[PDB]
2 protein chains.
Amino acid sequence: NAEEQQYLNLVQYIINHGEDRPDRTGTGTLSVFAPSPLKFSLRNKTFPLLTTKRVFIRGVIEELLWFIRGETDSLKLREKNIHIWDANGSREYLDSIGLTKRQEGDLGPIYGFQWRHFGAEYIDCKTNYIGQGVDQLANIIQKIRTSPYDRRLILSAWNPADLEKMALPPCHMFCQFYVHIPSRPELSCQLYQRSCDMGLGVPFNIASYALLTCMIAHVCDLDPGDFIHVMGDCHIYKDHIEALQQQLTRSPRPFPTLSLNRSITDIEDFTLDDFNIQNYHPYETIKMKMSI
Amino acid sequence: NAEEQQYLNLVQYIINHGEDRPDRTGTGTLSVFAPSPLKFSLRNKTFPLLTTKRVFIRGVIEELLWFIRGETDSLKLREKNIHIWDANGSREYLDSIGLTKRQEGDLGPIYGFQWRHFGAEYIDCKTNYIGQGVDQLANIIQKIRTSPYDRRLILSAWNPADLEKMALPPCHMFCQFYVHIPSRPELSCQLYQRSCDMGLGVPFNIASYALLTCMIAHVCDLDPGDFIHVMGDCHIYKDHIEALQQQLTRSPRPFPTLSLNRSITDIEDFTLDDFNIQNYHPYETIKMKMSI
Ligand SMILES: C#CCN(Cc1ccc2[nH]c(N)nc(=O)c2c1)c1ccc(C(=O)N[C@H](CCC(=O)O)C(=O)O)cc1
Ligand SMILES: O=c1ccn([C@H]2C[C@H](O)[C@@H](COP(=O)(O)O)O2)c(=O)[nH]1
Ligand SMILES: O=c1ccn([C@H]2C[C@H](O)[C@@H](COP(=O)(O)O)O2)c(=O)[nH]1
């Protein structure tokens, strides 16, 4: 796209200029710190769903809703045919990180929970946290309506006071919304990702947050502006270096568009069905492994 | 410089592509959201202390130590003759924001307190919080000491659960550290600043974090790498426009240098005299009016 390309070039930079870092998850990876952020116009309904490799947008949409509901149980993504949180939730893994009395499938006070109940005291993923902690999302929405120029529209998942309790620390830790009014519309979003996995990570989150912006934009009666991905520890797994170059030689197809609704009116009232993506023409999928 | 010059461009870019916006503090501005982050090298003892305008380095130093100590009382900073917090702590401001039962000078759970006592239950800037909350700064130094390639070296002041109790929401909300070991050194730092005042702010913060970075690198035996300033709502106050083209025309003098200590080894044991800044050759100073 020149959008997705800009991303590809980064997939090459981290390769021809990456850094050999011994990885804690125990794996060989190349990495670059704080490279130049990736921008994606969200205009004309365009949705930045990378074409150079089938992205699991089905899990993306499903996981975002899981986030907004403030749910922290992987079992719920399992009940919907999504196993992206099975590992960091395996009874085995919980133990490795000391969470032994924590029941399986309970990811701790991750993303969503912080999004809607920040300060709230976490205690089991099956409890109802209505009224507890601070609801960033609701606030963000409320503000954008009230006074849209606010410079404090911050959605975060990074709670240092609740880290150990988490099955995995907030990877994409927070984002700041901004709305430029014409000379009203243009809801932009710049998020900060501390650790970025270009192969499976970045793409998924690009779409993940592009929707977020679209959803919140939609509900606030705004147009999505652009989306800029800011990354810190950007990295690539060696066991994929080759499975990235063949991709790099691939020509990026134009991004599809996203059509929200049929007057869905709540944000907390979105369903897999209320999201419509048209003209997605990606290349042949590639089984992406990883590490933990 | 081209370091400072890059900054200068950004200042003109805002003037040319800036957006007329109603400022909350009250007075008019021009803002650009998500501009390309400024990088500054700390390589070879260089210190990004802008030269096209005298910078309150002393203000900068005293305030960092103040931060580190986890102090939240402006009065302290006043006993040292700094007045940068006298406003947002004035009796008149506190009430405008509702903290009508807050004794003047009590900024609340801001930067410092969050850095060393995050989870802690703040209450009165004269109380002893020793061992309360999460001591991010301490945990960061430590992880860097043990496992330096940690993708989780985050220091943040943004606590959604405390924002109201604060005299002002964190501006330079957070930063992640990263260390590139050779074939060890390089302690680079990337901070996200939701609201950047290219006028006074940014410059002051480039120094503020440039030092924090050096300082920590110092106690970890590492050498600094570079500094990356990422910014959200980057802007300018009209009442300083004409006041900028004048500066936009000055030729940036090369940055001075920073040599820390005499083996100060803790980050908790620093003082003005431990900071020697060789070769700071800025142009005369420019009186700029804030905006509460
Ligand atoms: C960064 C930061 C923290 N801050 C705090 C802080 C608090 C409220 C604000 N409010 C507004 N409207 N804009 C700001 O940028 C701002 C900054 C100077 C004062 C304060 C901060 C100054 O006066 N700096 C001197 C000039 C005056 C002097 O010599 O004393 C300088 O030259 O640096 C930064 C710089
Ligand atoms: O949305 C996500 C979630 C996880 N990760 C990756 C980043 C790192 O490779 C590892 C997390 O590292 P630490 O939690 O140890 O910091 O998982 C991503 O890239 N994107
Ligand atoms: O280091 C700093 C401290 C904050 N400010 C400014 C930014 C805004 O001018 C104001 C904060 O705007 P609010 O989001 O608080 O309204 O304080 C800076 O630019 N730099």
# chains A, B, ... in the order shown; residues from 1 in each chain; ligands from 1

$ closest_atom_pairs --of "chain A" --to "chain B" --cutoff "9 Å" --atoms "only C-alpha atoms" --output "Markdown table"
| residue | atom | partner | partner_atom | distance |
| --- | --- | --- | --- | --- |
| A:19 | CA | B:180 | CA | 7.8 |
| A:20 | CA | B:183 | CA | 8.5 |
| A:21 | CA | B:149 | CA | 7.1 |
| A:22 | CA | B:149 | CA | 7.3 |
| A:23 | CA | B:149 | CA | 7.5 |
| A:24 | CA | B:150 | CA | 7.4 |
| A:33 | CA | B:178 | CA | 7.1 |
| A:34 | CA | B:190 | CA | 6.8 |
| A:36 | CA | B:36 | CA | 7.3 |
| A:37 | CA | B:36 | CA | 7.6 |
| A:118 | CA | B:161 | CA | 6.5 |
| A:119 | CA | B:161 | CA | 5.3 |
| A:120 | CA | B:161 | CA | 8.7 |
| A:133 | CA | B:161 | CA | 7.0 |
| A:134 | CA | B:161 | CA | 5.9 |
| A:135 | CA | B:160 | CA | 8.7 |
| A:136 | CA | B:160 | CA | 7.3 |
| A:149 | CA | B:22 | CA | 7.5 |
| A:150 | CA | B:24 | CA | 7.4 |
| A:151 | CA | B:195 | CA | 6.3 |
| A:152 | CA | B:194 | CA | 7.2 |
| A:153 | CA | B:194 | CA | 8.9 |
| A:154 | CA | B:194 | CA | 8.4 |
| A:155 | CA | B:160 | CA | 8.9 |
| A:156 | CA | B:160 | CA | 8.2 |
| A:158 | CA | B:156 | CA | 8.6 |
| A:159 | CA | B:159 | CA | 7.5 |
| A:160 | CA | B:134 | CA | 6.6 |
| A:161 | CA | B:119 | CA | 4.9 |
| A:162 | CA | B:119 | CA | 8.4 |
| A:169 | CA | B:152 | CA | 8.2 |
| A:171 | CA | B:152 | CA | 8.8 |
| A:176 | CA | B:232 | CA | 7.0 |
| A:177 | CA | B:232 | CA | 8.7 |
| A:178 | CA | B:33 | CA | 7.1 |
| A:179 | CA | B:33 | CA | 8.9 |
| A:180 | CA | B:19 | CA | 7.8 |
| A:181 | CA | B:19 | CA | 8.8 |
| A:183 | CA | B:20 | CA | 8.6 |
| A:188 | CA | B:33 | CA | 8.3 |
| A:189 | CA | B:34 | CA | 8.6 |
| A:190 | CA | B:34 | CA | 6.7 |
| A:192 | CA | B:192 | CA | 8.0 |
| A:194 | CA | B:151 | CA | 6.9 |
| A:195 | CA | B:151 | CA | 6.2 |
| A:228 | CA | B:34 | CA | 7.3 |
| A:230 | CA | B:230 | CA | 8.3 |
| A:232 | CA | B:176 | CA | 7.3 |
| A:233 | CA | B:151 | CA | 6.4 |

$ residues_around --residues "residue A:68" --least-positions-apart "6" --cutoff "9 Å" --atoms "only C-alpha atoms" --output "JSON, numbers by chain"
{"A": [111, 112, 113, 115, 116, 137, 267, 268]}

$ write_last_selection --atoms "C-alpha atoms" --output "PDB file, in the first residue's frame"
ATOM      1  CA  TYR A 111      -6.406  -4.935  29.348  1.00  0.00           C
ATOM      2  CA  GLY A 112     -10.198  -4.806  29.500  1.00  0.00           C
ATOM      3  CA  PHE A 113     -10.280  -4.908  33.288  1.00  0.00           C
ATOM      4  CA  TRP A 115      -9.914  -0.253  30.557  1.00  0.00           C
ATOM      5  CA  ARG A 116     -13.161  -0.335  32.568  1.00  0.00           C
ATOM      6  CA  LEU A 137     -13.306   3.950  28.046  1.00  0.00           C
ATOM      7  CA  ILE A 267     -20.095   0.566  21.656  1.00  0.00           C
ATOM      8  CA  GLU A 268     -20.879  -1.752  24.502  1.00  0.00           C
TER       9      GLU A 268
END

$ select_by_dssp --residues "stretch 71-244 of chain B" --states "strand (DSSP E)" --output "VMD selection string"
chain B and resid 154 to 156 174 to 179 187 to 197 224 to 237

$ write_last_selection --atoms "N, CA and C atoms" --output "compact mmCIF listing (two decimals), in the first residue's frame"
# COMPACT_ATOMS: atom_id res chain seq x y z
N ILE B 154 9.46 -0.10 32.30
CA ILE B 154 8.57 1.04 32.21
C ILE B 154 8.44 1.86 33.49
N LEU B 155 8.56 3.18 33.34
CA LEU B 155 8.44 4.14 34.43
C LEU B 155 7.29 5.06 34.05
N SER B 156 6.17 4.98 34.75
CA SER B 156 5.01 5.81 34.42
C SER B 156 4.40 6.55 35.59
N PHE B 174 4.90 8.77 30.49
CA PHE B 174 5.74 7.61 30.73
C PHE B 174 6.85 7.37 29.71
N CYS B 175 7.79 6.50 30.09
CA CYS B 175 8.94 6.18 29.25
C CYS B 175 9.45 4.77 29.50
N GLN B 176 9.91 4.13 28.43
CA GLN B 176 10.44 2.78 28.49
C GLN B 176 11.95 2.85 28.22
N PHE B 177 12.73 2.05 28.96
CA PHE B 177 14.18 2.04 28.75
C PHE B 177 14.55 0.77 27.99
N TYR B 178 15.71 0.78 27.35
CA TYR B 178 16.15 -0.34 26.53
C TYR B 178 17.66 -0.24 26.43
N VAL B 179 18.34 -1.37 26.46
CA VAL B 179 19.79 -1.35 26.42
C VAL B 179 20.36 -2.23 25.33
N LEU B 187 21.97 2.95 27.06
CA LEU B 187 20.73 2.97 27.78
C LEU B 187 19.98 4.07 27.08
N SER B 188 19.17 3.67 26.11
CA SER B 188 18.38 4.62 25.36
C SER B 188 17.09 4.79 26.13
N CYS B 189 16.33 5.82 25.81
CA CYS B 189 15.08 6.09 26.50
C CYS B 189 14.05 6.70 25.55
N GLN B 190 12.83 6.16 25.56
CA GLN B 190 11.78 6.70 24.72
C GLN B 190 10.61 7.11 25.57
N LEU B 191 10.29 8.40 25.58
CA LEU B 191 9.17 8.84 26.37
C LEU B 191 8.00 9.31 25.51
N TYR B 192 6.81 9.17 26.07
CA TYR B 192 5.61 9.57 25.38
C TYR B 192 5.12 10.76 26.15
N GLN B 193 4.88 11.85 25.45
CA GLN B 193 4.37 13.04 26.10
C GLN B 193 3.06 13.44 25.45
N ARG B 194 1.97 13.20 26.16
CA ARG B 194 0.65 13.47 25.64
C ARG B 194 0.38 14.91 25.26
N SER B 195 1.02 15.85 25.96
CA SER B 195 0.80 17.27 25.69
C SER B 195 2.11 18.02 25.74
N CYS B 196 2.67 18.30 24.57
CA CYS B 196 3.96 18.98 24.49
C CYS B 196 3.92 20.46 24.13
N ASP B 197 4.49 21.27 25.02
CA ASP B 197 4.55 22.71 24.81
C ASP B 197 5.92 23.01 24.24
N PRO B 224 25.00 5.86 28.35
CA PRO B 224 23.71 6.16 27.71
C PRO B 224 23.76 5.87 26.22
N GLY B 225 22.59 5.67 25.63
CA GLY B 225 22.52 5.45 24.21
C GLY B 225 21.97 6.74 23.63
N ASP B 226 20.68 6.75 23.34
CA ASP B 226 20.08 7.96 22.83
C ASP B 226 18.74 8.15 23.48
N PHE B 227 18.11 9.28 23.16
CA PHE B 227 16.82 9.62 23.74
C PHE B 227 15.83 9.91 22.64
N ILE B 228 14.66 9.28 22.74
CA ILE B 228 13.61 9.46 21.75
C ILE B 228 12.36 10.05 22.40
N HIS B 229 12.04 11.27 22.01
CA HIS B 229 10.89 11.97 22.54
C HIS B 229 9.71 11.80 21.59
N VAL B 230 8.72 11.05 22.04
CA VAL B 230 7.51 10.81 21.26
C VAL B 230 6.45 11.73 21.84
N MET B 231 5.63 12.32 20.98
CA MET B 231 4.64 13.26 21.47
C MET B 231 3.27 13.14 20.87
N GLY B 232 2.27 13.26 21.74
CA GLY B 232 0.89 13.19 21.30
C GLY B 232 0.44 14.54 20.78
N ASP B 233 -0.30 15.27 21.60
CA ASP B 233 -0.78 16.57 21.21
C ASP B 233 0.36 17.56 21.32
N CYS B 234 1.09 17.72 20.22
CA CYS B 234 2.22 18.64 20.16
C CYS B 234 1.66 19.99 19.70
N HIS B 235 1.99 21.06 20.41
CA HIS B 235 1.43 22.37 20.07
C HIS B 235 2.25 23.61 20.40
N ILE B 236 1.64 24.77 20.14
CA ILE B 236 2.25 26.08 20.40
C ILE B 236 1.19 27.13 20.80
N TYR B 237 1.59 28.08 21.64
CA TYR B 237 0.70 29.14 22.09
C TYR B 237 0.91 30.36 21.21

$ atom_distance --atom1 "atom CA of residue A:245" --atom2 "atom CA of residue A:27"
19.6 Å

$ residues_around --residues "residue B:59" --least-positions-apart "3" --cutoff "9 Å" --atoms "only C-alpha atoms" --output "number ranges by chain"
B: 55-56, 62-64, 81-84, 204

$ write_last_selection --atoms "N, CA and C atoms" --output "compact mmCIF listing (two decimals), in the first residue's frame"
# COMPACT_ATOMS: atom_id res chain seq x y z
N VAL B 55 18.11 27.50 28.61
CA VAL B 55 17.18 26.57 29.25
C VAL B 55 17.47 26.53 30.74
N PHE B 56 16.42 26.47 31.53
CA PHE B 56 16.56 26.46 32.98
C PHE B 56 17.16 25.17 33.56
N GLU B 62 17.16 20.31 39.72
CA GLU B 62 16.49 20.32 41.00
C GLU B 62 15.16 19.56 40.95
N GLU B 63 14.39 19.76 39.89
CA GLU B 63 13.10 19.08 39.77
C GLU B 63 13.19 17.55 39.62
N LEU B 64 14.22 17.05 38.93
CA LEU B 64 14.34 15.60 38.78
C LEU B 64 14.63 14.98 40.15
N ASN B 81 14.39 27.96 45.43
CA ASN B 81 14.23 29.08 44.50
C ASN B 81 13.74 28.76 43.09
N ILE B 82 13.07 27.62 42.95
CA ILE B 82 12.47 27.23 41.68
C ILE B 82 11.00 27.60 41.89
N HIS B 83 10.32 28.03 40.83
CA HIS B 83 8.92 28.45 40.98
C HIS B 83 7.98 27.85 39.95
N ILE B 84 8.50 26.89 39.20
CA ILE B 84 7.76 26.21 38.14
C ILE B 84 6.46 25.51 38.56
N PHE B 204 12.61 21.56 28.22
CA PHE B 204 12.79 21.22 29.63
C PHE B 204 12.77 19.71 29.85

$ atom_distance --atom1 "atom 28 (C, counted along the ligand's line) of ligand 1" --atom2 "atom CA of residue B:126"
26.5 Å

$ closest_residue --among "A:6, A:279, A:148, A:259" --to "ligand 3" --atoms "only C-alpha atoms and all ligand atoms"
A:148

$ residues_near_ligand --ligand "ligand 1" --cutoff "8 Å" --atoms "only C-alpha atoms and all ligand atoms" --output "PDB file with C-alpha atoms, in the first residue's frame"
ATOM      1  CA  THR B  25      -5.984  26.599  30.223  1.00  0.00           C
ATOM      2  CA  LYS B  53      17.412  29.639  23.917  1.00  0.00           C
ATOM      3  CA  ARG B  54      18.727  29.544  27.484  1.00  0.00           C
ATOM      4  CA  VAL B  55      17.178  26.568  29.248  1.00  0.00           C
ATOM      5  CA  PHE B  56      16.555  26.465  32.982  1.00  0.00           C
ATOM      6  CA  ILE B  57      18.900  23.481  33.392  1.00  0.00           C
ATOM      7  CA  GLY B  59      15.266  24.153  37.208  1.00  0.00           C
ATOM      8  CA  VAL B  60      15.504  20.855  35.336  1.00  0.00           C
ATOM      9  CA  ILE B  82      12.475  27.232  41.678  1.00  0.00           C
ATOM     10  CA  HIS B  83       8.921  28.448  40.982  1.00  0.00           C
ATOM     11  CA  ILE B  84       7.759  26.214  38.141  1.00  0.00           C
ATOM     12  CA  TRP B  85       5.084  24.554  40.318  1.00  0.00           C
ATOM     13  CA  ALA B  87       1.041  28.061  40.035  1.00  0.00           C
ATOM     14  CA  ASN B  88      -0.702  24.692  39.734  1.00  0.00           C
ATOM     15  CA  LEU B 168      -2.448  18.547  37.023  1.00  0.00           C
ATOM     16  CA  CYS B 196       3.959  18.983  24.486  1.00  0.00           C
ATOM     17  CA  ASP B 197       4.549  22.705  24.815  1.00  0.00           C
ATOM     18  CA  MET B 198       7.290  23.216  22.228  1.00  0.00           C
ATOM     19  CA  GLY B 199       7.610  26.593  23.878  1.00  0.00           C
ATOM     20  CA  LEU B 200       8.836  25.755  27.367  1.00  0.00           C
ATOM     21  CA  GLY B 201       7.905  22.124  27.896  1.00  0.00           C
ATOM     22  CA  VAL B 202       9.628  19.929  25.337  1.00  0.00           C
ATOM     23  CA  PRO B 203      13.051  21.572  25.841  1.00  0.00           C
ATOM     24  CA  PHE B 204      12.790  21.221  29.626  1.00  0.00           C
ATOM     25  CA  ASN B 205      11.698  17.581  29.275  1.00  0.00           C
ATOM     26  CA  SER B 208      14.873  16.138  32.264  1.00  0.00           C
ATOM     27  CA  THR B 285      16.982  34.079  27.144  1.00  0.00           C
ATOM     28  CA  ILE B 286      13.333  34.651  26.115  1.00  0.00           C
ATOM     29  CA  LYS B 287      10.582  35.520  28.654  1.00  0.00           C
ATOM     30  CA  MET B 288       7.586  33.265  27.853  1.00  0.00           C
ATOM     31  CA  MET B 290       2.900  30.008  30.868  1.00  0.00           C
ATOM     32  CA  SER B 291      -0.836  29.136  30.990  1.00  0.00           C
ATOM     33  CA  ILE B 292      -2.172  27.322  34.124  1.00  0.00           C
TER      34      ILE B 292
END

$ select_by_dssp --residues "stretch 47-234 of chain A" --states "helix (DSSP H, G or I)" --output "VMD selection string"
chain A and resid 57 to 68 75 to 78 91 to 96 111 to 117 136 to 146 160 to 162 201 to 219

$ closest_residue --among "A:29, A:257, A:265, A:142" --to "residue A:49" --atoms "only C-alpha atoms"
A:257
